[PDB]
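Residue numbers (UniProt numbering), protein chains in the order written: chain R, 866 to 916; chain W, 1120 to 1170; chain X, 256 to 306.
Single-structure report; data block below.
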Amino acid sequence: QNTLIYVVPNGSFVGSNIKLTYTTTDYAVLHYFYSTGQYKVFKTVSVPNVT
Amino acid sequence: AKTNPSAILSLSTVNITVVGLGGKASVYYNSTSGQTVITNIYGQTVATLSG
Amino acid sequence: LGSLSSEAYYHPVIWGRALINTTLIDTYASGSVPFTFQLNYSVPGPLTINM
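As C-alpha cells, then:
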C-alpha cells in the first residue's frame, strides 16, 4: 500500500536509480510558469558510488 | 535568471572553451542564430549548420 | 517565484482545477445538508469576441 521495493542485478546495485515525476492534477499549472521546468516536478532515487 | 534564482536553466551555448598553447577554437551552438556556429583559431565562423 | 518583491502581502489566489477550500458557513438545516454552488467569473483584460 505504502511500501515499495526495487530489485536489481547482482552488479548494477550501484547505479541503480529510479525516476519520480509527480504529475499535475490541475491543467492550469501550465500557464506562464511552464518556463520554470517545474510545471511537473522532477526528483529521483539513487545509490551513491562508494569505494 | 534576473528574477528566479535557478531551476532548469538553458544556455545559448555561445562558447566551449578550447584554449591550447596559442589562441583558441570553439564549436558552439549559438541559440540566437538557431544553428551550429563553429569558429576556429584564425578567428572566423567556418561553418554554420542549420537547426 | 521572484516576481513579487514587497507589494505582495494582500493576494487571495487559486488556479484552475486545483482546490480552493471554501467556507460554506451554514446553520439552518437538519439531516443531510445539500448545497449547490454558483461561481461568477470574469476576465481582466479587453474583450473582443469572435462569432
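Where a beta carbon is used, it is the ideal one built from N, C-alpha and C, also for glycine.
- For the segment 256-273 of chain X, the set of positions with a beta-carbon nearer than 7 Å to some beta-carbon of chain W reads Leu-256, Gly-257, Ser-258 in chain order.
- Not a single C-beta of chain R is nearer than 8 Å to the C-beta of W:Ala-1120.
- Around R:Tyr-871, the same chain offers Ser-881, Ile-883, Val-910 as residues with beta carbons nearer than 8 Å, after the five sequence neighbours per side are excluded.
- Within chain W, the C-beta atoms nearer than 7 Å to that of R:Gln-903 come from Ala-1126, in chain order.
- Looking at the backbone, the Cα of R:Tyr-904 and that of R:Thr-889 are separated by about 7 Å.
- No Cβ of chain X is located within less than 8 Å of the beta carbon of W:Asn-1149.
- Per DSSP, the unbroken beta strand (DSSP E) holding W:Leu-1168 starts and ends at 1166-1168.
- Chain order gives the chain X residues near R:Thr-890 as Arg-272, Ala-273, where near means a beta carbon separation below 9 Å.
- DSSP places R:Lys-908 inside the beta strand (DSSP E), whose first and last residues are 906-911.
- W:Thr-1151 and W:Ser-1131 have their alpha carbons spaced roughly 7 Å apart.
- With respect to the 8 Å criterion, W:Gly-1170 and W:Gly-1153 are classified as neighbours on the basis of their beta carbons.
- X:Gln-293 and X:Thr-282 have their C-alpha atoms roughly 19 Å apart.
- Between W:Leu-1168 and W:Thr-1155, the CB-CB gap stays under 8 Å.
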